[PDB]
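FYI, the numbering just counts along the sequence from 1. Side-chain atoms are counted along with the backbone in the values below, which use heavy atoms only and exclude waters and symmetry mates.
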Amino acid sequence: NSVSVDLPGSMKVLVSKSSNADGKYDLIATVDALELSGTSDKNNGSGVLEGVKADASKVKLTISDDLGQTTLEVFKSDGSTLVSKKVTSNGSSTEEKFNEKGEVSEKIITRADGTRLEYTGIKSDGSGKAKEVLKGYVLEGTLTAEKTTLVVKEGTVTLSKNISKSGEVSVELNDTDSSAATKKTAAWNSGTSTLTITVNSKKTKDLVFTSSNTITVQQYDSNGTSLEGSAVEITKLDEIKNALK
């Protein structure tokens, strides 16, 4: 006898239609094969639900007061050793795995558009390996405490896409080419999230890193001043490499 409330993270809670003698609301949810249950001071679906798997593993679902965030935790049978945690809100999900001593070892962030950041072998200094999964291609790189750095190399050029803890993007380019005729340099404009590449004192192309997690490339005219045509949305890693030739 309930009202169903849809929740972040592809879950559903049933909140009792009315409250008990203590004024509390019963909550029921199903996750995988498990019915979780709980009680709440609120009537909207928020609160905490708990369940025990057939093997005695402990699961807890916490729904924020405004329904904007859910946290799904899987524990061992003691209910204290965390195995997995999945937090979903504002259109993204973060799924973590934890080591036997309690610390995050793996993290997957799925953005509202389905692109992902996959972090593997996270260490105590906050370092690890990083992958950005975009529409059509994947960027590989490293994680540190300060940033995620995705790297594409072509010839003597290294392009580095840096993502802050907040998710702020900046991009840099370095070329080890000693020839001034051919060495690439680049300037970053954070206003438009645009890296402008220059060769031999003329601009050659703009690489835009969109708030929509895509990359576009636009060429300059021979004059090195006017952009010509229109920006091309990259759909394969080979196109990024081409932009760095």
Tell me, which pairs form a salt bridge (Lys or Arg N to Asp or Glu O under 4.0 Å) where one or both residues lie in [range], sequence neighbours left out?
range            : result
residues 130-141 : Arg111-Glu132, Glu132-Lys161
residues 142-153 : none
residues 232-243 : none
residues 32-51   : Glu50-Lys60

Checking [X] now: which residues fulfil side-chain contact (heavy atoms from CB on, under 4.5 Å) with it, not counting sequence neighbours?
X      : result
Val5   : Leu7, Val13, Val15, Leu67
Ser57  : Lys53, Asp55
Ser212 : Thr210

> For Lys86, which residues count as a salt bridge (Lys or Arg N to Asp or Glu O under 4.0 Å) partner, sequence neighbours excluded?
Replying inline: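 Counting only residues at least two positions away or on another chain, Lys86 forms a salt bridge (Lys or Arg N to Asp or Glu O under 4.0 Å) with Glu95.
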> How would you list all residue pairs meeting side chain to side chain donor-acceptor pair (under 3.5 Å) that involve residues 62-72, not counting sequence neighbours?
Replying inline: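 Every side chain to side chain donor-acceptor pair (under 3.5 Å) pair that includes a residue of residues 62-72, provided the two are not neighbours, is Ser64-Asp66, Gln69-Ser89.
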> Tell me the side chain to side chain donor-acceptor pair (under 3.5 Å) pairs involving residues 10-20, sequence neighbours left out?
Replying inline: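 For residues 10-20, and leaving out neighbouring residues, the side chain to side chain donor-acceptor pair (under 3.5 Å) pairs sorted by first residue read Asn1-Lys17.
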> Are any non-hydrogen side-chain atoms of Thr81 and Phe98 less than 4.5 angstrom apart?
Replying inline: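 They are not in side-chain contact.
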> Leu173 versus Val157: any side-chain heavy-atom pair under 4.5 Å?
Replying inline: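 A side-chain contact under 4.5 Å exists here.
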> Nearest 0.5 Å, what's the CD-NZ distance between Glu96 and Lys107?
Replying inline: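 Here the rounded value is 5.0 Å.
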> Are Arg116 and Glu118 close enough for a salt bridge, meaning some N to O gap below 4.0 Å?
Replying inline: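 Yes.
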>> Can you list, by chain and residue number, the hydrophobic cluster partners of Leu227 when the side-chain cut-off is 4.5 Å?
In response: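 Other cluster members: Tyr220.
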>> So, using side-chain hydrogen bond (donor to acceptor under 3.5 Å, both in side chains) as the criterion, who are the partners of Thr216 when residues are at least two apart?
In response: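 Applying side-chain hydrogen bond (donor to acceptor under 3.5 Å, both in side chains) to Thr216 gives none.
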>> Can you confirm whether more than 12 heavy atoms, excluding those of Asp78, are under 6.0 Å from its CG atom?
In response: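 Counting other residues, nucleotides and ligands, CG of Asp78 exceeds 12 neighbours.
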> So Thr149 and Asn162, side-chain hydrogen bond (donor to acceptor under 3.5 Å, both in side chains) or not? Walk me through it.
Replying inline: CA-CA 4 Å; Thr149 301; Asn162 305 299; 3.1 Å; yes
